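Pasting entry-v7.txt here (compact mmCIF, C-alpha atoms):
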```txt
# COMPACT_ATOMS: atom_id res chain seq x y z
CA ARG X 1 -16.86 -6.81 -30.47
CA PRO X 2 -17.77 -8.15 -27.03
CA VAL X 3 -15.51 -10.67 -25.35
CA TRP X 4 -17.08 -13.75 -23.87
CA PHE X 5 -15.26 -16.03 -21.44
CA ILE X 6 -16.44 -19.64 -21.66
CA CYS X 7 -15.19 -22.10 -19.01
CA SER X 8 -15.18 -25.77 -20.08
CA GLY X 9 -15.79 -28.39 -17.44
CA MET X 10 -15.17 -32.06 -16.84
CA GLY X 11 -13.70 -34.51 -19.33
CA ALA X 12 -11.39 -31.69 -20.21
CA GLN X 13 -8.29 -33.20 -18.63
CA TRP X 14 -5.20 -35.03 -19.84
CA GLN X 15 -1.70 -36.03 -18.68
CA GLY X 16 0.63 -33.04 -18.87
CA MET X 17 -1.81 -30.19 -18.34
CA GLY X 18 0.01 -26.90 -18.90
CA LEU X 19 3.40 -28.30 -18.11
CA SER X 20 4.54 -26.21 -21.02
CA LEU X 21 2.97 -23.05 -19.63
CA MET X 22 4.65 -23.46 -16.28
CA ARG X 23 7.53 -21.56 -17.87
CA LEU X 24 5.52 -18.34 -18.20
CA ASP X 25 5.92 -16.44 -14.93
CA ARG X 26 2.39 -15.02 -14.78
CA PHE X 27 1.07 -18.61 -15.03
CA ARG X 28 3.32 -20.46 -12.60
CA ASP X 29 3.04 -17.66 -10.07
CA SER X 30 -0.74 -18.16 -10.02
CA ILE X 31 -0.56 -21.93 -9.83
CA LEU X 32 1.68 -21.42 -6.78
CA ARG X 33 -0.90 -19.19 -5.09
CA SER X 34 -3.27 -22.10 -5.62
CA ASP X 35 -0.87 -24.23 -3.61
CA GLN X 36 -1.00 -21.61 -0.89
CA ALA X 37 -4.68 -22.32 -0.40
CA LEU X 38 -4.25 -26.07 -0.80
CA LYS X 39 -1.37 -26.37 1.69
CA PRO X 40 -3.40 -26.60 4.94
CA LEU X 41 -5.11 -29.63 3.37
CA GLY X 42 -1.75 -31.21 2.53
CA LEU X 43 -1.91 -31.07 -1.26
CA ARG X 44 0.14 -29.47 -3.99
CA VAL X 45 -1.55 -28.73 -7.31
CA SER X 46 1.73 -28.28 -9.01
CA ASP X 47 2.54 -31.90 -8.19
CA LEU X 48 -0.87 -33.10 -9.38
CA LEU X 49 0.06 -31.48 -12.70
CA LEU X 50 3.46 -33.04 -12.85
CA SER X 51 3.20 -36.39 -11.08
CA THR X 52 0.12 -36.85 -13.28
CA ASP X 53 -0.79 -40.29 -14.43
CA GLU X 54 -3.92 -42.18 -15.53
CA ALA X 55 -5.30 -42.56 -12.02
CA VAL X 56 -5.19 -38.85 -11.28
CA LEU X 57 -7.02 -37.91 -14.41
CA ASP X 58 -9.59 -40.35 -12.98
CA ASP X 59 -9.24 -39.24 -9.33
CA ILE X 60 -12.05 -36.78 -9.01
CA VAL X 61 -10.44 -34.76 -6.23
CA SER X 62 -7.24 -34.27 -8.18
CA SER X 63 -9.27 -33.27 -11.25
CA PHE X 64 -11.60 -30.67 -9.78
CA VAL X 65 -8.45 -29.14 -8.33
CA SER X 66 -6.35 -29.56 -11.46
CA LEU X 67 -8.93 -28.05 -13.83
CA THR X 68 -9.98 -25.22 -11.59
CA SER X 69 -6.39 -24.34 -10.64
CA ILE X 70 -5.41 -24.17 -14.34
CA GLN X 71 -8.50 -22.33 -15.54
CA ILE X 72 -7.82 -19.79 -12.81
CA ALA X 73 -4.31 -19.40 -14.21
CA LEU X 74 -5.46 -19.13 -17.84
CA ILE X 75 -7.85 -16.43 -16.66
CA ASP X 76 -4.88 -14.67 -15.09
CA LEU X 77 -2.88 -14.63 -18.34
CA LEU X 78 -5.96 -13.20 -20.07
CA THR X 79 -6.00 -10.40 -17.52
CA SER X 80 -2.32 -9.65 -18.23
CA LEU X 81 -3.09 -9.28 -21.90
CA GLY X 82 -5.32 -6.52 -20.60
CA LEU X 83 -8.50 -8.27 -21.66
CA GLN X 84 -11.42 -8.20 -19.27
CA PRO X 85 -14.68 -9.96 -20.28
CA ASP X 86 -17.93 -8.36 -21.36
CA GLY X 87 -19.83 -11.59 -20.78
CA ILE X 88 -19.22 -14.74 -18.70
CA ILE X 89 -20.60 -18.32 -18.99
CA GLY X 90 -19.58 -21.45 -17.10
CA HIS X 91 -20.16 -25.05 -18.03
CA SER X 92 -20.46 -27.32 -14.96
CA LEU X 93 -17.41 -27.48 -12.71
CA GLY X 94 -16.21 -24.50 -14.72
CA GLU X 95 -18.63 -22.09 -13.06
CA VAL X 96 -16.29 -22.10 -10.10
CA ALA X 97 -13.53 -20.61 -12.20
CA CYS X 98 -16.16 -18.20 -13.64
CA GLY X 99 -17.07 -16.88 -10.22
CA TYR X 100 -13.42 -16.03 -10.03
CA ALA X 101 -13.47 -14.09 -13.28
CA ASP X 102 -16.63 -12.27 -12.30
CA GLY X 103 -14.94 -11.62 -8.98
CA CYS X 104 -17.32 -13.26 -6.49
CA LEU X 105 -14.69 -15.85 -5.65
CA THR X 106 -11.24 -15.53 -4.10
CA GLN X 107 -8.57 -17.64 -5.72
CA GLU X 108 -8.53 -19.51 -2.38
CA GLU X 109 -12.29 -19.82 -1.91
CA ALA X 110 -12.41 -20.89 -5.54
CA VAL X 111 -9.65 -23.51 -5.28
CA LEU X 112 -10.79 -24.98 -1.98
CA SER X 113 -14.35 -25.09 -3.33
CA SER X 114 -13.36 -27.26 -6.24
CA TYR X 115 -11.34 -29.38 -3.86
CA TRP X 116 -14.25 -30.12 -1.53
CA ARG X 117 -16.87 -30.26 -4.30
CA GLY X 118 -14.70 -33.13 -5.55
CA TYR X 119 -13.91 -34.68 -2.17
CA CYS X 120 -17.41 -35.06 -0.75
CA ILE X 121 -18.36 -36.59 -4.09
CA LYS X 122 -15.57 -39.12 -3.98
CA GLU X 123 -16.25 -40.06 -0.41
CA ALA X 124 -19.96 -40.66 -1.07
CA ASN X 125 -18.88 -43.81 -2.99
CA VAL X 126 -21.88 -42.99 -5.26
CA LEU X 127 -22.89 -45.80 -7.68
CA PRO X 128 -21.03 -46.36 -11.02
CA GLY X 129 -22.05 -43.45 -13.27
CA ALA X 130 -20.81 -42.18 -16.62
CA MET X 131 -21.58 -39.34 -18.98
CA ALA X 132 -21.60 -38.77 -22.73
CA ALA X 133 -22.28 -35.98 -25.13
CA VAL X 134 -24.95 -37.14 -27.50
CA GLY X 135 -26.37 -35.18 -30.42
CA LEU X 136 -30.16 -34.85 -30.05
CA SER X 137 -32.42 -31.92 -29.08
CA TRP X 138 -33.05 -31.64 -25.34
CA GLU X 139 -36.61 -32.78 -25.99
CA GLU X 140 -35.51 -35.69 -28.19
CA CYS X 141 -33.63 -36.95 -25.13
CA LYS X 142 -36.57 -36.88 -22.73
CA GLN X 143 -38.32 -39.03 -25.33
CA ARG X 144 -35.75 -41.67 -26.24
CA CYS X 145 -33.69 -42.33 -23.12
CA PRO X 146 -33.72 -45.64 -21.24
CA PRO X 147 -35.19 -45.14 -17.78
CA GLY X 148 -32.68 -43.75 -15.29
CA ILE X 149 -30.60 -42.02 -17.94
CA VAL X 150 -31.18 -38.31 -17.36
CA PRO X 151 -30.55 -35.54 -19.85
CA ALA X 152 -27.95 -33.48 -17.98
CA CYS X 153 -26.24 -30.90 -20.21
CA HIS X 154 -27.88 -28.63 -22.75
CA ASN X 155 -24.92 -27.68 -24.90
CA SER X 156 -26.11 -26.84 -28.41
CA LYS X 157 -29.51 -26.65 -30.05
CA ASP X 158 -28.88 -30.31 -31.00
CA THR X 159 -26.09 -31.56 -28.66
CA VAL X 160 -26.80 -32.81 -25.10
CA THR X 161 -24.76 -34.71 -22.47
CA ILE X 162 -26.82 -37.55 -20.94
CA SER X 163 -25.76 -38.64 -17.45
CA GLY X 164 -26.33 -41.98 -15.73
CA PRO X 165 -25.70 -45.67 -14.82
CA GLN X 166 -22.26 -46.75 -16.07
CA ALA X 167 -23.40 -50.10 -17.40
CA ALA X 168 -26.55 -48.60 -18.98
CA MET X 169 -24.46 -46.20 -20.94
CA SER X 170 -22.11 -48.84 -22.41
CA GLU X 171 -25.10 -50.79 -23.90
CA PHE X 172 -27.12 -47.68 -24.81
CA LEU X 173 -24.28 -46.41 -26.97
CA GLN X 174 -23.36 -49.76 -28.56
CA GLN X 175 -27.00 -49.08 -29.49
CA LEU X 176 -26.75 -45.40 -30.61
CA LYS X 177 -23.70 -45.62 -32.85
CA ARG X 178 -25.77 -48.05 -34.91
CA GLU X 179 -27.99 -45.18 -36.03
CA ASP X 180 -25.35 -42.55 -36.76
CA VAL X 181 -25.84 -40.26 -33.72
CA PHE X 182 -23.26 -37.82 -32.41
CA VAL X 183 -21.63 -39.57 -29.43
CA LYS X 184 -18.39 -38.70 -27.69
CA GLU X 185 -17.92 -39.88 -24.14
CA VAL X 186 -16.84 -37.48 -21.42
CA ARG X 187 -14.28 -38.64 -18.87
CA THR X 188 -15.96 -38.42 -15.49
CA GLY X 189 -13.95 -40.87 -13.52
CA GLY X 190 -17.12 -42.89 -13.32
CA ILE X 191 -19.58 -40.47 -11.79
CA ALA X 192 -22.88 -39.23 -13.23
CA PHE X 193 -22.66 -35.48 -12.53
CA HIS X 194 -25.72 -33.23 -12.85
CA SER X 195 -28.22 -36.01 -12.28
CA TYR X 196 -30.35 -37.27 -9.42
CA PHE X 197 -27.29 -39.25 -8.42
CA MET X 198 -26.03 -36.11 -6.67
CA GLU X 199 -28.84 -35.53 -4.12
CA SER X 200 -27.13 -38.01 -1.77
CA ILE X 201 -24.09 -35.76 -1.61
CA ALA X 202 -25.82 -32.34 -1.44
CA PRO X 203 -26.32 -32.53 2.34
CA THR X 204 -22.76 -33.20 3.37
CA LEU X 205 -21.36 -30.83 0.71
CA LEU X 206 -23.61 -27.88 1.49
CA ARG X 207 -22.87 -28.34 5.20
CA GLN X 208 -19.15 -28.12 4.45
CA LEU X 209 -18.87 -25.55 1.64
CA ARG X 210 -20.61 -23.31 4.14
CA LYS X 211 -17.29 -23.20 6.00
CA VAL X 212 -15.31 -22.35 2.86
CA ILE X 213 -17.69 -19.64 1.69
CA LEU X 214 -18.40 -17.23 4.46
CA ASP X 215 -19.08 -14.72 3.35
CA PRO X 216 -20.67 -14.84 -0.11
CA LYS X 217 -20.05 -12.05 -2.63
CA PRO X 218 -22.63 -10.55 -5.04
CA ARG X 219 -22.49 -11.85 -8.63
CA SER X 220 -22.53 -9.25 -11.40
CA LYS X 221 -25.00 -9.05 -14.27
CA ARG X 222 -21.94 -9.72 -16.47
CA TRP X 223 -22.09 -13.40 -15.47
CA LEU X 224 -24.85 -15.57 -16.86
CA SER X 225 -25.59 -18.58 -14.70
CA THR X 226 -26.02 -21.98 -16.27
CA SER X 227 -27.04 -23.61 -12.97
CA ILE X 228 -30.16 -21.54 -12.38
CA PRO X 229 -32.98 -21.11 -14.92
CA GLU X 230 -32.98 -17.62 -16.45
CA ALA X 231 -36.34 -17.28 -14.71
CA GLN X 232 -34.96 -16.99 -11.21
CA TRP X 233 -31.92 -14.83 -11.94
CA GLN X 234 -33.14 -12.01 -9.65
CA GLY X 235 -33.69 -14.52 -6.91
CA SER X 236 -32.13 -15.03 -3.49
CA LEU X 237 -30.11 -18.06 -4.49
CA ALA X 238 -29.03 -16.60 -7.79
CA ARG X 239 -27.86 -13.27 -6.32
CA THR X 240 -24.62 -14.39 -4.64
CA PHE X 241 -21.85 -16.99 -4.94
CA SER X 242 -22.83 -18.86 -1.77
CA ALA X 243 -22.31 -22.44 -0.68
CA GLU X 244 -25.97 -23.03 -1.48
CA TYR X 245 -25.19 -21.98 -5.07
CA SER X 246 -22.03 -24.08 -5.45
CA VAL X 247 -23.99 -27.14 -4.37
CA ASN X 248 -26.92 -26.42 -6.66
CA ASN X 249 -24.54 -26.26 -9.61
CA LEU X 250 -23.53 -29.86 -8.96
CA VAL X 251 -27.09 -31.10 -8.72
CA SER X 252 -29.13 -29.28 -11.36
CA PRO X 253 -28.94 -29.46 -15.13
CA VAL X 254 -26.38 -27.20 -16.82
CA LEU X 255 -28.33 -24.86 -19.08
CA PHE X 256 -25.58 -23.98 -21.55
CA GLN X 257 -27.37 -23.37 -24.83
CA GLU X 258 -29.71 -21.17 -22.81
CA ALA X 259 -26.89 -18.79 -21.94
CA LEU X 260 -25.36 -18.99 -25.41
CA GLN X 261 -28.67 -17.48 -26.52
CA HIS X 262 -27.76 -14.17 -24.86
CA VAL X 263 -24.42 -14.05 -26.75
CA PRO X 264 -24.33 -11.07 -29.19
CA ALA X 265 -23.59 -11.42 -32.86
CA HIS X 266 -20.10 -10.00 -33.42
CA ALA X 267 -18.85 -11.64 -30.33
CA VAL X 268 -15.49 -13.27 -29.71
CA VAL X 269 -15.75 -16.37 -27.56
CA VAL X 270 -12.66 -17.75 -25.76
CA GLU X 271 -12.78 -21.24 -24.32
CA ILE X 272 -10.95 -20.98 -20.99
CA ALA X 273 -9.91 -24.58 -20.33
CA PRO X 274 -6.98 -27.05 -20.26
CA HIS X 275 -8.62 -28.38 -23.42
CA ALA X 276 -10.98 -27.13 -26.11
CA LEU X 277 -13.90 -29.48 -25.48
CA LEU X 278 -16.71 -27.07 -26.29
CA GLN X 279 -15.28 -25.97 -29.64
CA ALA X 280 -17.66 -28.31 -31.45
CA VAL X 281 -20.63 -27.01 -29.47
CA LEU X 282 -19.93 -23.28 -29.52
CA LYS X 283 -19.28 -23.13 -33.24
CA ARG X 284 -22.42 -25.22 -33.93
CA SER X 285 -24.69 -23.35 -31.52
CA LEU X 286 -23.71 -19.74 -32.25
CA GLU X 287 -23.59 -17.26 -35.14
CA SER X 288 -21.19 -17.84 -38.01
CA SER X 289 -20.33 -14.18 -37.35
CA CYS X 290 -18.61 -15.06 -34.07
CA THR X 291 -14.98 -16.11 -33.83
CA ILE X 292 -14.22 -18.99 -31.47
CA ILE X 293 -10.80 -19.45 -29.88
CA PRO X 294 -9.22 -22.26 -27.86
CA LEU X 295 -6.47 -21.55 -25.35
CA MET X 296 -4.86 -24.98 -24.98
CA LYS X 297 -4.95 -28.16 -27.11
CA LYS X 298 -4.66 -31.42 -25.22
CA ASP X 299 -1.59 -33.51 -25.95
CA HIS X 300 0.00 -30.60 -27.84
CA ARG X 301 3.80 -30.70 -28.04
CA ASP X 302 4.05 -27.23 -26.48
CA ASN X 303 0.95 -25.43 -25.19
CA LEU X 304 3.02 -22.32 -24.74
CA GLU X 305 3.16 -21.99 -28.54
CA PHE X 306 -0.46 -22.97 -28.99
CA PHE X 307 -1.54 -20.38 -26.46
CA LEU X 308 0.51 -17.61 -28.08
CA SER X 309 -0.88 -18.82 -31.40
CA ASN X 310 -4.31 -18.10 -30.03
CA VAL X 311 -3.31 -14.96 -28.23
CA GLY X 312 -2.37 -13.99 -31.75
CA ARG X 313 -5.75 -15.06 -33.08
CA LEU X 314 -7.51 -12.98 -30.40
CA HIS X 315 -5.79 -10.11 -32.16
CA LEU X 316 -6.88 -11.02 -35.72
CA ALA X 317 -10.31 -11.16 -34.17
CA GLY X 318 -10.06 -7.48 -33.43
CA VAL X 319 -9.78 -7.57 -29.65
CA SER X 320 -7.32 -5.46 -27.78
CA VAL X 321 -4.56 -7.73 -26.43
CA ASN X 322 -0.88 -7.04 -25.74
CA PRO X 323 1.67 -9.92 -25.31
CA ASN X 324 4.25 -7.81 -23.49
CA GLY X 325 2.26 -8.51 -20.30
CA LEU X 326 3.12 -12.19 -20.41
CA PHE X 327 6.89 -11.71 -20.24
CA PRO X 328 9.02 -9.45 -17.96
CA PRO X 329 8.96 -5.69 -18.77
CA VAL X 330 11.50 -4.33 -21.28
CA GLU X 331 14.15 -1.86 -20.19
CA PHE X 332 13.22 1.35 -21.97
CA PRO X 333 15.15 3.15 -23.44
CA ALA X 334 15.81 0.67 -26.24
CA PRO X 335 19.40 -0.22 -27.14
CA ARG X 336 21.19 1.93 -29.72
CA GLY X 337 21.28 0.34 -33.17
CA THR X 338 17.93 -1.28 -32.59
CA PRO X 339 16.24 -1.57 -36.05
CA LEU X 340 14.35 1.39 -37.54
CA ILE X 341 10.58 1.21 -37.78
CA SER X 342 9.19 4.00 -39.99
CA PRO X 343 10.54 2.41 -43.21
CA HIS X 344 8.34 -0.62 -42.67
CA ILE X 345 5.04 1.18 -42.14
CA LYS X 346 3.63 0.74 -45.65
CA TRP X 347 0.26 2.26 -46.59
CA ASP X 348 -2.40 2.16 -49.28
CA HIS X 349 -0.86 4.62 -51.70
```
Would you give me this structure, written as structure tokens?
Amino acid sequence: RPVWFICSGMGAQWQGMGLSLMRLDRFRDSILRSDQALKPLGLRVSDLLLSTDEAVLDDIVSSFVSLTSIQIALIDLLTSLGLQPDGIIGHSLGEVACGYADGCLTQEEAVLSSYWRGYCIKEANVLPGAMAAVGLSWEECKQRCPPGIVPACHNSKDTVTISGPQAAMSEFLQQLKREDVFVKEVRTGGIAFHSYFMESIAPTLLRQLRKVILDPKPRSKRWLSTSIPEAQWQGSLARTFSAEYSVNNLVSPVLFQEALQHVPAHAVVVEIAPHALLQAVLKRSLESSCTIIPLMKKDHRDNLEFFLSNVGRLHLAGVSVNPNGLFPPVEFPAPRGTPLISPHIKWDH
């Protein structure tokens, strides 16, 4: 089976993000290295995770940093299991983390990217936006959307996230529920990402991310972009994780379903995110023959159990993962009087 890393984006946050997983050394130790990049800017991600409150789930600069810094740590645990990806797909702000997993992005360049991507947006005081996942074909959207309400995310073959004017959402959903349409709102801290709203920011962001990303590294064919049409994958822009790319990702539509297309048929898809947002979408928009696995469940009593639960599932899937890489090495030789094994290896006799 191939392994496919999927990196869920915005709306995927919640008070208490991987406070349980802080225990695990491989995790914490990576979240600390994220502080090391965020220190010259006077910011500590580990505090953002633990002084967490409503306002910081809504603060867009805390979020881009929180999500990315966690995703980057989840990815690290996955690499301790000894599980590298066959395919990679990002979904919005996730792509950043992806470019880490493909190895075009340093943990630092990755973290600081998210940080600025989020900063420049906040400081543009952009007008009250708001997104929602709504269940209609991408073309059904272009037909039935109030003016000024873009279709922004192509998730499934019949699930799309429209982006736009905060007040024009509220009264265009009061209006959709009343016809039984899939509608779950995404928490965006008020900003319409992946719409025309973003062009205003593009200049100042591009001009600044150019100082974080010198120099840009080549992307590998292992990583399918969802920010650039499959058409122009052999292009100049598409070829490298450059500032120019990071900025484009924030401005253009996320072509998710498009990438899901390329996902093989006995594939195992892991959602790498502080919360399994795209579970609905992936299961809907992919073969029944593919197993889909969360890594953390929001508001769970103890993510550390829920992650091991799923590390376990990644095994039942058939993938090659080994938990001993999460916890400190064992001191071989084993103690004397440590339970026999052969008598418990039962066969099909």
For segment 184-234 of chain X versus segment 86-93 of chain X, which residues have an atom no more than 7 Å away, and what is each residue's nearest atom pair and distance in Å rounded to one decimal, using only C-alpha atoms, chain-then-number order, as JSON lines?
```
{"residue": "X:222", "atom": "CA", "partner": "X:87", "partner_atom": "CA", "distance": 5.2}
{"residue": "X:223", "atom": "CA", "partner": "X:88", "partner_atom": "CA", "distance": 4.5}
{"residue": "X:224", "atom": "CA", "partner": "X:89", "partner_atom": "CA", "distance": 5.5}
{"residue": "X:225", "atom": "CA", "partner": "X:89", "partner_atom": "CA", "distance": 6.6}
{"residue": "X:226", "atom": "CA", "partner": "X:90", "partner_atom": "CA", "distance": 6.5}
```
Practice task
Between atom CA of residue 125 of chain X and atom CA of residue 275 of chain X, measure the distance and give it in Å to one decimal.
Solution key: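 Calculated distance between atom CA of residue 125 of chain X and atom CA of residue 275 of chain X is 27.6 Å.
The gap separating atom CA of residue 54 of chain X from atom CA of residue 14 of chain X is 8.4 Å, in Å to one decimal.
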Exercise for the section: Find the residue from X:61, X:70, X:198, X:31 that sits nearest to residue 248 of chain X; use all atoms listed in the file when measuring. Expected result: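 Selected residue with least distance to residue 248 of chain X: X:198.
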Practice task
List every protein, DNA or RNA residue with an atom no more than 8 Å from (-13.8, -29.1, -11.3) in the file's coordinates, counting only C-alpha atoms, and format the result as a PyMOL selection string.
Solution key: chain X and resi 9-10+63-68+92-94+96+114-115+117-118
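Counting all atoms listed in the file and comparing X:11, X:274, X:339, X:203, the residue that lies closest to residue 49 of chain X is X:274.
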Fill in the blank from the handout: Between X:331, X:311, X:106, X:192, smallest distance to residue 215 of chain X by all atoms listed in the file belongs to X:106
Problem - For atom CA of residue 127 of chain X and atom CA of residue 200 of chain X, the interatomic separation in Å (one decimal) - result: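 Between atom CA of residue 127 of chain X and atom CA of residue 200 of chain X the gap works out to 10.7 Å.
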Handout entry: X:75, X:269, X:277, X:334 ranked by distance to residue 103 of chain X, top pick (using all atoms listed in the file)
Key =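 The answer is X:75, which sits nearest to residue 103 of chain X.
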